[PDB]
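These notes are about the structure you will find just below.
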Amino acid sequence: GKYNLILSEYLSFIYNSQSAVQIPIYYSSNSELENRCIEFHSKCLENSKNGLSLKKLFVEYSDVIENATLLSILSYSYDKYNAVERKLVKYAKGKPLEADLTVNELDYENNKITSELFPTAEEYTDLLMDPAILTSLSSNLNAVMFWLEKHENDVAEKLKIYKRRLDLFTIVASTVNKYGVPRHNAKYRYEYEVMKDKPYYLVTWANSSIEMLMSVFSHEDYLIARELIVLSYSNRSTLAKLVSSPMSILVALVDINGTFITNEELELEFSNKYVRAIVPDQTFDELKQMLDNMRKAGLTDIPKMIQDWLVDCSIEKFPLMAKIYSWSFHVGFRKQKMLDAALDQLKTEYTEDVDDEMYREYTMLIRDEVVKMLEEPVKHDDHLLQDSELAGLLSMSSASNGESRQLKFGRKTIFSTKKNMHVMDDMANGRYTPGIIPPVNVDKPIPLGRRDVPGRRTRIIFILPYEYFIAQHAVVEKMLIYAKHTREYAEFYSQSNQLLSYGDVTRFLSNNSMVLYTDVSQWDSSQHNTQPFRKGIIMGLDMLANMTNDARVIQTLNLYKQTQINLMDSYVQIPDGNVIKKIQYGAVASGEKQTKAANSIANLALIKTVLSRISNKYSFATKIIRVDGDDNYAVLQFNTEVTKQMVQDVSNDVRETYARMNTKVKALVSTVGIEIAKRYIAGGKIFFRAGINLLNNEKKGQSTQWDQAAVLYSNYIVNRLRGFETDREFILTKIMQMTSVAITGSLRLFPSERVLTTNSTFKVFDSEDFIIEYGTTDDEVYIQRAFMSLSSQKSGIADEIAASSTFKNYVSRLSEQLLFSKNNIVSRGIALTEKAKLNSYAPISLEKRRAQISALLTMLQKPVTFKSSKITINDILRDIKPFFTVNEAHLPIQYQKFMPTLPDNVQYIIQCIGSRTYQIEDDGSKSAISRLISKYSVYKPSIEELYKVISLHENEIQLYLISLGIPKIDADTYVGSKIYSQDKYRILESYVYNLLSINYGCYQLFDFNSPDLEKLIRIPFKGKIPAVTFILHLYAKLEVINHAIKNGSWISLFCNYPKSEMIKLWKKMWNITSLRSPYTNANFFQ
Amino acid sequence: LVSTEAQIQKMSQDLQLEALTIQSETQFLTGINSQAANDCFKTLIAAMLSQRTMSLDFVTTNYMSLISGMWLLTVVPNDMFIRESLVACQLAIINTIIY
Amino acid sequence: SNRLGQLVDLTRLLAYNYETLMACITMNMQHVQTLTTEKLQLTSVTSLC
Amino acid sequence: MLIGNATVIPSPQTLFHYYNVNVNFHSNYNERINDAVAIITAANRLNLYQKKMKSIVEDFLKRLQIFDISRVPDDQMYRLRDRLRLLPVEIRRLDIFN
Amino acid sequence: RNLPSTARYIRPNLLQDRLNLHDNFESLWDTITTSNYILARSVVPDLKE
């Protein structure tokens, strides 16, 4: 109930005029009181529509101001959207900044004038510095200045931070006022005509610099900001990658005293094991050269910060480094050209001096792995292999974005990238032809996409036809099935929904053991991803072909084989200005259904091939090997204790043993630590990488202004947990400014606190971080029933596409490929089912969601609706509440710290209860209905549909299930078995969890099976109503925990819930109408 | 020399050392490679000519290494090896194979 | 057991070359347990055998 | 309930570490005991009557680098002295003292 | 390694408690037992599988 006050002050601050008026609107769930609210509303609207003072009535109707609930505030004020300058003249008395063109390697990557690089606007492109975000610089500056004004009178350590950031913003604003403000278009892009007389790379630096200075809480932060802001104005290609590089060595210097362990994906079990740090001499010399480059770049304070820590090499002072390690990824992207980003990868040194004894072994291991993967399904003749075509045709929605192609649905034209729609287009003209695999050559080279991530290189993406997916699908899914239980496929091992977060290193770390960890991200254009890899797979297919008797399967295999033939020679469309290059690339990269797991395989085979050479000189027991995409690590234990000389000689031998296969590497050997893209360990303590740029994005998504605020807040929460902490108030200011909407030149709308933090499809953040907030009142239910009434919408584009000819053809081919003679009973069901996966197509979502926003807007303006009894969550909590009883408790300290970078209160929680140990099927994958879905498809279906589907009669369930590609015999058998009744509870668990972000964010990190949490929750057991006792125990846990978070102390509980209300609620259970947005979730592991 | 991959094949398929640990634990073959056979051939010859005592450094889990070491100790005398490593090798063999 | 002739051959060649190179020695080759000691990986022997 | 067909043996290097640690602790313990007993006996034979036999014990406990002398009283220290009075001095220091 | 007869080594003094510190030095025995406990925790093996 505080956000809105800051909103009011922002409104008062930004406009400031007599003519600037401020117009609240309220609502209440009580009829009489609502009519008085309507009255107040009316009179206020009138007064607003008559240039009358509004401030007088506000006292008379004080009751509405105190007890009624706000929605939004409008603002009518005359201005020509400037105001930044009109405030800013005072805050700009520092010195402006001068570029240095001889910093970046290229010439055009310097921050020189646009016209000196793009004289004509017809050849201009802002994409090499496009922020790619629907939020203005003016918004950012306005937010900063209002923040600065309000935090101008606090007197504490907070003020010492304020003076620091104030000095920084002076340094910034002097530089900005030197030239001026770039002006946004409707799309928040910046055209040539504003930047025409200004430096090209001023905007991203500006935005990134704002992002940095808003994340200053300490003295060392101020040092970092002063040392980066002035150097990030020039270096834009070798900076975050640079300073973030020494960390990989630093982790190998901290003696472990106390450890954390894995068994199964979150089984934590601490260990007091001690391990020393046997560092060689030459890695220090490597580090010194890196520091010489660091100083050569213009760095003074950060060598000192790296130098004064080494006197002790203690882990208590070490988080500074970790803090620093996240500041490298909050400086921005190196948004260079597709070409030049490829040429970071497309430099090759291929030699006829490597072994042949090695590649054959490599190929064989790949072959053997393929056979291990594919022995069972190829042999037992699974339906999904026979009907691979239909399988891929269902799983088109889970594919990549194909190249743009011109379609027409009756009487329109569309440029879709969705490959299912491409197939639909090709069906009409007789072009659907999955048996004839297209070539990939001079006559038809491939387009590209770029997978970026700051502080690292750019990876590439194939953009293929629709046959390749179909070919790779079935085989790769069976491979995945094999890979669910194989440990070494780290990206693919699971307990059917999890990826192993905290590694598998710490079991056997010791004074006698070592670990070799290695980045393999440049190994895409390499000489070991060409011919042997593919031919090994082809050989494996030959073996598998001789390991089966069915003919459909052999057809599939021969087509997949020929696909691998075509992928062995593959050319690549790449523009450069106007003309187009096509380059010989007969090798492997990302952008495929096969690439990820296959790269994991290939790296596994490669390292297995490398690993047979240390054995010529050392005896070790391979305890573990791991591969996850762009890195891999193997730990090994010896017959004796380790020395410096053995590590050095092993390292040189490893480097040269990669050199024998013509393979570059920064080889890294250690005893205690690793560093990889997504996480890293030092001294038996897990840290993480906080690298998500906020004001600069990777690529241009499809979301609105609205949802990008929610994703940015989710990323904020994540980065905060990682360690990189930004001031939450700034984020809130941005959220209000991005959900604010301009209806005219002078009308602007501003939503409120109780709309963005309320459980709906529009939730954005929370009033108290790490805690969803609920509604004990009528009013949150009331507006939720309204928004649920409005969430269900239509897309006329989808309606007319489903009424076209291509849709009919598609349905006909589906039918005659599966079954016939129920042309008016199921086929309509199948059309309705295909609709469920047309909605993946983005413009449909835009139509639907913009429609949702318009419908939303026509009741944000005007008063409220009673919404007709539709039960939701807050009704339940409203009814559960009057049977509680609180009591003061006092818990002890019994859990060990292993995530220092958390806030100390979060750690206090962790230092009193446990960390999570399971991961519940948030999508119901282990459910026996889903083990059918995972048998005939990969598709998710969302928990809205499932939660509804189980509630229906036994008739339309049959139609709905048969419509999903499933045959009739197994569906009938499923209905007879009655396992869905054994799955109401799992589905409801997943439903409530998805609604309440229990497996998404801070609550994803917590053990609800704990004994420590349970002894406070003294809810006796009744039985034969599982839903109630489940939800009661859960809600009570949340109550105690929220009380703990906000107040520190603990409490116990008690709920003698009457059986009468149990029965009254049992019928209210399976008619709930609620929903949470996918875009609001914040996965700590991305 | 013989191509390594054949021997890799037959060991790999008949042993199933993939299977013969815990399945959730790490086990596989070890170096059959070239530039070790001749390395050994040089090491052995130069040490026997020089009468340089040489030691063993192994892992007992890889019983194939020991199956080759017993051949080695059979053919090569025992006074060339320091008694401690020799005894270790024989003792693992006995406690593993013979008794 | 099924590397019979191959290991026979290995031993004969090794022994032959050992003795024929022994002949090109001039100082008495005397037997002592030396202080330090060459390492020998049995995996190399398996590669050889 | 979570256990089966999986033996875990401490590696020999861990054993050797633990053994050497215990050895070093025990040896330090005896050496400092012998030291202190020597000085106490010598003090008793030099008639030192103004000498409060605490700082010796403070040194004795400080060289064993695990205790907190800030929160151990004087009475325990004096008992430690009382026991130490009745101990033979080691051979080096004793012969050199005689 | 083989070691010559020129070499040497020092033997520790492993003479048992002359003081009987398990007789009314309970705060020290507490420290000792706690020390040995926490030391011993770093050497208990992890349950690997």
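Residue numbers start at 1 in each chain; chains themselves are named A, B, ... in the order of the structure tokens; ligands are numbered from 1 in the order shown.
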
For residue 68 of chain B, list every protein, DNA or RNA residue within 12 Å, evaluated using only C-alpha atoms, and leave out those in the same chain fewer than 6 positions away; present the list as a PDB file with N, CA and C atoms, in the first residue's frame.
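The result, written out as out.pdb:
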ATOM      1  N   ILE B  32      44.634 -48.030 -25.066  1.00  0.00           N
ATOM      2  CA  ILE B  32      45.253 -49.046 -25.910  1.00  0.00           C
ATOM      3  C   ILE B  32      46.176 -48.433 -26.979  1.00  0.00           C
ATOM      4  N   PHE B  58      49.471 -47.746 -10.926  1.00  0.00           N
ATOM      5  CA  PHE B  58      48.325 -48.379 -11.542  1.00  0.00           C
ATOM      6  C   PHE B  58      47.087 -48.121 -10.709  1.00  0.00           C
ATOM      7  N   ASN B  62      41.097 -51.483 -13.006  1.00  0.00           N
ATOM      8  CA  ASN B  62      41.375 -51.892 -14.381  1.00  0.00           C
ATOM      9  C   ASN B  62      42.161 -53.190 -14.315  1.00  0.00           C
ATOM     10  N   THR B  74      55.707 -62.336 -15.435  1.00  0.00           N
ATOM     11  CA  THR B  74      56.026 -63.696 -15.808  1.00  0.00           C
ATOM     12  C   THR B  74      57.277 -63.695 -16.662  1.00  0.00           C
ATOM     13  N   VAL B  75      57.274 -62.875 -17.706  1.00  0.00           N
ATOM     14  CA  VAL B  75      58.347 -62.914 -18.688  1.00  0.00           C
ATOM     15  C   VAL B  75      59.544 -62.105 -18.203  1.00  0.00           C
ATOM     16  N   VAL B  76      59.320 -60.918 -17.652  1.00  0.00           N
ATOM     17  CA  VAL B  76      60.406 -60.062 -17.181  1.00  0.00           C
ATOM     18  C   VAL B  76      60.753 -60.515 -15.764  1.00  0.00           C
ATOM     19  N   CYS B  89      51.779 -55.394  -6.764  1.00  0.00           N
ATOM     20  CA  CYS B  89      51.193 -55.965  -7.966  1.00  0.00           C
ATOM     21  C   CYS B  89      50.783 -57.415  -7.748  1.00  0.00           C
ATOM     22  N   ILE B  93      46.964 -59.137  -7.501  1.00  0.00           N
ATOM     23  CA  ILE B  93      46.712 -60.304  -8.345  1.00  0.00           C
ATOM     24  C   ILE B  93      46.199 -61.479  -7.526  1.00  0.00           C
TER      25      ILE B  93
ATOM     26  N   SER C   1      44.968 -64.969 -23.231  1.00  0.00           N
ATOM     27  CA  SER C   1      45.130 -66.377 -23.611  1.00  0.00           C
ATOM     28  C   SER C   1      45.079 -66.557 -25.130  1.00  0.00           C
ATOM     29  N   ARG C   3      45.949 -64.112 -27.220  1.00  0.00           N
ATOM     30  CA  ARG C   3      47.056 -63.336 -27.767  1.00  0.00           C
ATOM     31  C   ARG C   3      48.359 -64.126 -27.760  1.00  0.00           C
ATOM     32  N   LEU C   7      52.101 -62.554 -28.337  1.00  0.00           N
ATOM     33  CA  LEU C   7      52.914 -62.250 -27.167  1.00  0.00           C
ATOM     34  C   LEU C   7      54.202 -63.036 -27.153  1.00  0.00           C
ATOM     35  N   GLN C  41      53.523 -47.000 -16.401  1.00  0.00           N
ATOM     36  CA  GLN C  41      52.087 -47.216 -16.458  1.00  0.00           C
ATOM     37  C   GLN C  41      51.736 -48.529 -17.139  1.00  0.00           C
ATOM     38  N   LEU C  42      51.019 -49.382 -16.408  1.00  0.00           N
ATOM     39  CA  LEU C  42      50.570 -50.663 -16.927  1.00  0.00           C
ATOM     40  C   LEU C  42      49.622 -50.527 -18.110  1.00  0.00           C
ATOM     41  N   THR C  43      48.937 -49.393 -18.230  1.00  0.00           N
ATOM     42  CA  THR C  43      48.120 -49.117 -19.402  1.00  0.00           C
ATOM     43  C   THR C  43      48.948 -49.098 -20.674  1.00  0.00           C
ATOM     44  N   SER C  44      50.195 -48.641 -20.569  1.00  0.00           N
ATOM     45  CA  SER C  44      51.121 -48.700 -21.688  1.00  0.00           C
ATOM     46  C   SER C  44      51.424 -50.138 -22.051  1.00  0.00           C
ATOM     47  N   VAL C  45      51.494 -50.994 -21.039  1.00  0.00           N
ATOM     48  CA  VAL C  45      51.763 -52.399 -21.259  1.00  0.00           C
ATOM     49  C   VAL C  45      50.574 -53.059 -21.926  1.00  0.00           C
ATOM     50  N   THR C  46      49.366 -52.647 -21.547  1.00  0.00           N
ATOM     51  CA  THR C  46      48.183 -53.182 -22.204  1.00  0.00           C
ATOM     52  C   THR C  46      48.111 -52.714 -23.640  1.00  0.00           C
ATOM     53  N   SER C  47      48.551 -51.484 -23.905  1.00  0.00           N
ATOM     54  CA  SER C  47      48.614 -51.015 -25.284  1.00  0.00           C
ATOM     55  C   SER C  47      49.622 -51.852 -26.055  1.00  0.00           C
ATOM     56  N   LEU C  48      50.709 -52.231 -25.386  1.00  0.00           N
ATOM     57  CA  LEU C  48      51.759 -53.007 -26.015  1.00  0.00           C
ATOM     58  C   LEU C  48      51.330 -54.452 -26.197  1.00  0.00           C
ATOM     59  N   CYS C  49      50.783 -55.026 -25.169  1.00  0.00           N
ATOM     60  CA  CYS C  49      50.362 -56.407 -25.160  1.00  0.00           C
ATOM     61  C   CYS C  49      49.096 -56.683 -25.926  1.00  0.00           C
TER      62      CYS C  49
END

Per residue of chain A within 10 Å of chain C, note the shortest atom pair and the distance in Å to one decimal, counting only C-alpha atoms, and order the rows by chain and increasing residue number, as a Markdown table.
| residue | atom | partner | partner_atom | distance |
| --- | --- | --- | --- | --- |
| A:612 | CA | C:43 | CA | 9.4 |
| A:613 | CA | C:44 | CA | 9.8 |
| A:615 | CA | C:43 | CA | 6.4 |
| A:616 | CA | C:44 | CA | 5.7 |
| A:617 | CA | C:41 | CA | 6.0 |
| A:618 | CA | C:41 | CA | 6.5 |
| A:619 | CA | C:41 | CA | 6.7 |

Counting only C-alpha atoms, the residue of D:21, D:14, D:6, D:30 that sits nearest chain A: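 When distances to chain A are compared using only C-alpha atoms, the smallest one comes from D:14.
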
Residue contacts of residue 41 of chain E (8 Å, only C-alpha atoms) excluding same-chain residues fewer than 4 positions away, as JSON, numbers by chain: {"A": [271, 272, 273], "E": [37]}

What are the nearest atom pairs, with distances in Å to one decimal, for all residues of chain A that come at most 9 Å from chain E, using only C-alpha atoms, set out by chain and rising residue number as CSV?
residue,atom,partner,partner_atom,distance
A:257,CA,E:42,CA,8.5
A:258,CA,E:42,CA,7.8
A:261,CA,E:46,CA,8.4
A:263,CA,E:49,CA,7.4
A:269,CA,E:46,CA,8.8
A:271,CA,E:42,CA,6.7
A:272,CA,E:42,CA,4.4
A:273,CA,E:42,CA,3.8
A:274,CA,E:42,CA,6.2
A:507,CA,E:46,CA,6.6
A:508,CA,E:46,CA,8.4

Mind writing the picked residues with N, CA and C atoms as a PDB file, in the first residue's frame?
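As a result, out19.pdb now contains:
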ATOM      1  N   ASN A 257      37.287 -25.424   2.920  1.00  0.00           N
ATOM      2  CA  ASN A 257      37.050 -25.879   4.287  1.00  0.00           C
ATOM      3  C   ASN A 257      35.532 -25.890   4.463  1.00  0.00           C
ATOM      4  N   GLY A 258      34.912 -27.027   4.155  1.00  0.00           N
ATOM      5  CA  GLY A 258      33.467 -27.188   4.177  1.00  0.00           C
ATOM      6  C   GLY A 258      32.910 -27.188   2.770  1.00  0.00           C
ATOM      7  N   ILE A 261      27.232 -31.153  -1.414  1.00  0.00           N
ATOM      8  CA  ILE A 261      27.220 -32.370  -2.220  1.00  0.00           C
ATOM      9  C   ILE A 261      25.900 -32.505  -2.978  1.00  0.00           C
ATOM     10  N   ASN A 263      23.456 -35.725  -4.593  1.00  0.00           N
ATOM     11  CA  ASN A 263      23.155 -37.104  -4.980  1.00  0.00           C
ATOM     12  C   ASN A 263      22.227 -37.154  -6.182  1.00  0.00           C
ATOM     13  N   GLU A 269      23.776 -32.335   1.076  1.00  0.00           N
ATOM     14  CA  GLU A 269      24.276 -33.041   2.247  1.00  0.00           C
ATOM     15  C   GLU A 269      25.675 -32.464   2.448  1.00  0.00           C
ATOM     16  N   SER A 271      29.412 -31.346   3.678  1.00  0.00           N
ATOM     17  CA  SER A 271      30.599 -32.095   4.054  1.00  0.00           C
ATOM     18  C   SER A 271      31.614 -31.104   4.588  1.00  0.00           C
ATOM     19  N   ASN A 272      32.203 -31.437   5.723  1.00  0.00           N
ATOM     20  CA  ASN A 272      33.283 -30.684   6.336  1.00  0.00           C
ATOM     21  C   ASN A 272      34.656 -30.953   5.739  1.00  0.00           C
ATOM     22  N   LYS A 273      34.738 -31.727   4.653  1.00  0.00           N
ATOM     23  CA  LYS A 273      35.974 -32.002   3.926  1.00  0.00           C
ATOM     24  C   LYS A 273      36.792 -30.746   3.608  1.00  0.00           C
ATOM     25  N   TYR A 274      38.097 -30.835   3.885  1.00  0.00           N
ATOM     26  CA  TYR A 274      39.114 -29.848   3.538  1.00  0.00           C
ATOM     27  C   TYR A 274      39.924 -30.299   2.339  1.00  0.00           C
ATOM     28  N   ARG A 507      31.870 -34.597  -4.655  1.00  0.00           N
ATOM     29  CA  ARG A 507      32.035 -35.868  -3.972  1.00  0.00           C
ATOM     30  C   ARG A 507      33.492 -36.165  -3.642  1.00  0.00           C
ATOM     31  N   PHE A 508      34.334 -36.168  -4.673  1.00  0.00           N
ATOM     32  CA  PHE A 508      35.679 -36.731  -4.629  1.00  0.00           C
ATOM     33  C   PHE A 508      36.770 -35.680  -4.767  1.00  0.00           C
TER      34      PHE A 508
END

All alpha helix (DSSP H) positions in chain B, as an NGL selection string: :B and (4-15 or 37-50 or 63-75 or 83-93)

Using only C-alpha atoms, which chain D residues lie at most 12 Å away from chain B, written as a short mmCIF file (atom, residue, chain, number, x, y, z; two decimals) with N, CA, C and O atoms, in the first residue's frame?
data_model
loop_
_atom_site.label_atom_id
_atom_site.label_comp_id
_atom_site.auth_asym_id
_atom_site.auth_seq_id
_atom_site.Cartn_x
_atom_site.Cartn_y
_atom_site.Cartn_z
N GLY D 4 22.34 -48.95 -0.09
CA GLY D 4 22.46 -50.24 -0.73
C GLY D 4 23.60 -50.32 -1.71
O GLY D 4 23.92 -49.31 -2.35
N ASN D 5 24.23 -51.51 -1.77
CA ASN D 5 25.28 -51.99 -2.68
C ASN D 5 26.26 -50.91 -3.13
O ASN D 5 26.58 -50.81 -4.31
N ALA D 6 26.74 -50.13 -2.17
CA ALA D 6 27.60 -48.99 -2.44
C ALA D 6 28.48 -48.77 -1.22
O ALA D 6 28.07 -48.08 -0.28
N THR D 7 29.68 -49.33 -1.25
CA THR D 7 30.64 -49.17 -0.17
C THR D 7 31.48 -47.93 -0.39
O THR D 7 31.80 -47.58 -1.53
#

Contact table segment 43-93 of chain D vs segment 1-17 of chain E, cut-off 12 Å, shortest pair per residue, only C-alpha atoms, as CSV:
residue,atom,partner,partner_atom,distance
D:83,CA,E:17,CA,11.5
D:84,CA,E:17,CA,11.4
D:87,CA,E:17,CA,11.0
D:90,CA,E:13,CA,10.5

Restrict the selected residues to N, CA, C and O atoms and save them as a PDB file, in the first residue's frame.
ATOM      1  N   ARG D  83      49.565 -30.479  38.907  1.00  0.00           N
ATOM      2  CA  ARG D  83      49.841 -31.777  38.315  1.00  0.00           C
ATOM      3  C   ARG D  83      51.219 -31.812  37.700  1.00  0.00           C
ATOM      4  O   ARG D  83      51.976 -32.757  37.935  1.00  0.00           O
ATOM      5  N   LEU D  84      51.592 -30.740  37.011  1.00  0.00           N
ATOM      6  CA  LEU D  84      52.878 -30.651  36.339  1.00  0.00           C
ATOM      7  C   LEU D  84      54.059 -30.687  37.282  1.00  0.00           C
ATOM      8  O   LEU D  84      55.156 -31.026  36.832  1.00  0.00           O
ATOM      9  N   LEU D  87      55.811 -34.384  37.492  1.00  0.00           N
ATOM     10  CA  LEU D  87      56.213 -35.018  36.245  1.00  0.00           C
ATOM     11  C   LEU D  87      57.723 -35.019  36.017  1.00  0.00           C
ATOM     12  O   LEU D  87      58.378 -34.003  36.259  1.00  0.00           O
ATOM     13  N   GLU D  90      61.976 -34.248  30.611  1.00  0.00           N
ATOM     14  CA  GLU D  90      62.549 -35.047  29.545  1.00  0.00           C
ATOM     15  C   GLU D  90      64.069 -35.015  29.607  1.00  0.00           C
ATOM     16  O   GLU D  90      64.676 -34.150  30.231  1.00  0.00           O
TER      17      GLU D  90
END
